[PDB]
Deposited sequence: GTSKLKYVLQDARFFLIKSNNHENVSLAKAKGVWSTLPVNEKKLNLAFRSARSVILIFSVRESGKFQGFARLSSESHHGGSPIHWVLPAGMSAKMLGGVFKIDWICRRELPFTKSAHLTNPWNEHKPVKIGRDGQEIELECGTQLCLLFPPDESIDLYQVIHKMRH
């Protein structure tokens, strides 16, 4: 069902995450981690303390799709391990967030064309820089568009809130 998903998304904050390549999203799905530039790291750390759930919605640049969404389980932390990100530096992409995936399935941008983001001038929600916040109602509807991921049990996610 979608009931536990809706519960997780209640009063959540949502952020668009743009990855330059598929490799880093694969690594994030395997290890439950994300790292971003310092400007966005600061925003996500503030958001993490401010909301019951902070949701990252991932899109690989030029893919025409979102690749899934995940909930922050922690603020960023340094000195944990050397995530072998594919970079275009390691110091900049420093500070690692732990994340729990809610959906690892893709959603093509063609399916979200009816959703606009008030916090980005009501442009289609697919449009935004890395770290762009997505208003609650837009973000909720976007997450509900993804195919259900029946490999994920939201029970343990709920327990962390």
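> Quickly check which stretches of the deposited sequence aren't in the model, judged by C-alpha, and list them in order.
The deposited sequence has unmodelled segments at 89-91, 165-166.
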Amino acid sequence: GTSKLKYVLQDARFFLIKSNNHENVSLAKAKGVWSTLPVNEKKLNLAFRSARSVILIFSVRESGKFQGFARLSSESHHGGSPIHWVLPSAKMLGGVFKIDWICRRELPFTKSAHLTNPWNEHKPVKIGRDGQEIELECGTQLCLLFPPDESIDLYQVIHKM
From here on, numbers count along this sequence of modelled residues.
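For the two forms, the rigid core is made up of the largest set of C-alpha atoms that agree within 1.5 Å on superposition.
> Aligning on the core, I want to see which stretch wanders more in 8 other deposited structures of this protein. Is it 48-56 or 92-100 by C-alpha RMS?
Of the two stretches, the larger average C-alpha offset in 8 other deposited structures of this protein falls on 92-100.
> Compare 36-44 with 23-31 and report which one shows the larger root mean square C-alpha deviation from this form in 8 other deposited structures of this protein once the rigid core is superposed.
Farther on average in 8 other deposited structures of this protein: 36-44.
> With respect to the recorded C-alpha B factors, which stretch has the higher mean value, 121-129 or 92-100?
92-100 has the higher mean C-alpha B-factor.
> Which is higher on average in the deposited entry, the C-alpha temperature factors of 131-139 or of 38-46?
Looking at the record's C-alpha B-factors, the answer is 38-46.
> By the recorded C-alpha temperature factor, relative to the other modelled residues in its chain, which third is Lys29 in?
According to the entry, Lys29 has a C-alpha B-factor in the chain's middle third.
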